[PDB]
Each structure stands twice: as C-alpha cells, then as structure tokens.
Amino acid sequence: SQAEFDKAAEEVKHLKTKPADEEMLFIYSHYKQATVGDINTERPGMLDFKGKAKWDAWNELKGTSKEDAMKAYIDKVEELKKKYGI
C-alpha cells in the first residue's frame, strides 16, 4: 500500500487550486501519521497558529495505524483530485 501512498503524495502536489483549510489539515495530519506514526514532537508556541493547527490535527489521529492513515490519505487525495483537478 506504500506504493499507492507514495503516488498520492506526488499527485497531491499538482492540485490546480488551494483546497479548504480543513482539507489541507486532513492531508497534513494523515501524511505525518502515515510516515512518522503517532505524534512525537513538541507543540509549537507563541504566535505560530499555522503550526499549532497542524500539530493539533496530527495529535487528533493518535492511535491510528499507518495502514489506515495511508488509506485515508489516498482516498482524500482522490477526492481532491476530482474536486480541484490535477
């Protein structure tokens, strides 16, 4: 399934337009969950709200298996490809 994941990770780089914030966070959180696994970093501080939003989204997936993370990521990329086009 890693092959399909790596392909989706490449195609998502070609979306024709900027997706919604929640779609972006879904892609980010599942990408990290699928590559690193459970969140293992310190939450950003100060005024880095962009970083805080991403950290929190990944944190919410704690406990999700890499296999499930990859599947959800791939399905989301397919969803975005159709919605915004590649």
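All residue numbers here begin at 1 and follow the chain in the order shown.
Going by what the header records, the deposited coordinates were determined by X-ray crystallography, 2.0 Å.
Cβ coordinates are placed from backbone N, Cα and C, and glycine is handled just like the others.
Feature annotations, courtesy of Swiss-Prot:
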- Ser1: N-acetylserine (MOD_RES)
- 1-86: domain 'ACB' (DOMAIN)
- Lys7: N6-succinyllysine (MOD_RES)
- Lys7: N6-acetyllysine (MOD_RES)
- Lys13, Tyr28, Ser29, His30, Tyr31, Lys32, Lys50, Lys54, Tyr73: acyl-CoA binding site (BINDING)
- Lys18: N6-acetyllysine (MOD_RES)
- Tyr28: phosphotyrosine (MOD_RES)
- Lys50: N6-acetyllysine (MOD_RES)
- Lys54: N6-acetyllysine (MOD_RES)
- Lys54: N6-malonyllysine (MOD_RES)
- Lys54: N6-(2-hydroxyisobutyryl)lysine (MOD_RES)
- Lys54: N6-succinyllysine (MOD_RES)
- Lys76: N6-acetyllysine (MOD_RES)
- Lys76: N6-succinyllysine (MOD_RES)
Using Cα positions only, nearest of the binding-site residues to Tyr28 (phosphotyrosine) (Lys13, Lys50, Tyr73): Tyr73
Longest inter-residue Cα distance for the acyl-CoA binders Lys13, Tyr28, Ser29, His30, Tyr31, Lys32, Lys50, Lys54, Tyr73, rounded to the nearest angstrom, is 20
Which residue, of the recorded positions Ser1, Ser29, has its CB surrounded by the fewest other CB atoms within 10 A? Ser1
Euclidean distance between Cα atoms of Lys7 (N6-succinyllysine) and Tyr73 (acyl-CoA binding site), Å: 11
Looking at the recorded positions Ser1, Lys7, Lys50, whose Cα is closest in space to that of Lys18 (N6-acetyllysine)? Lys50
By Cα-Cα distance, the member of recorded positions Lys7, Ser29, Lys76 nearest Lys54 (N6-acetyllysine): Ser29
Highest Cβ count within 10 Å among the modified residues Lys18, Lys54: which residue is it? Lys54
Under 8 Å by Cβ from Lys13 (acyl-CoA binding site), counting only residues of that chain that are 6 or more apart: none
Quick one: pull the CA-CA distance for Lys7 (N6-succinyllysine) versus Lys50 (acyl-CoA binding site), whole Å only. 26
Cα nearest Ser1 (N-acetylserine) among binding-site residues (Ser29, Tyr31, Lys50) -> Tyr31
Those recorded positions listed as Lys7, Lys50, and which of them has the most Cβ atoms within 10 Å of its own Cβ: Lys7
Around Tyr73 (acyl-CoA binding site), how many other CB atoms lie within 10 A of its CB? 25
Cα of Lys76 (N6-acetyllysine) to Cα of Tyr31 (acyl-CoA binding site): how many Å, rounded? 11
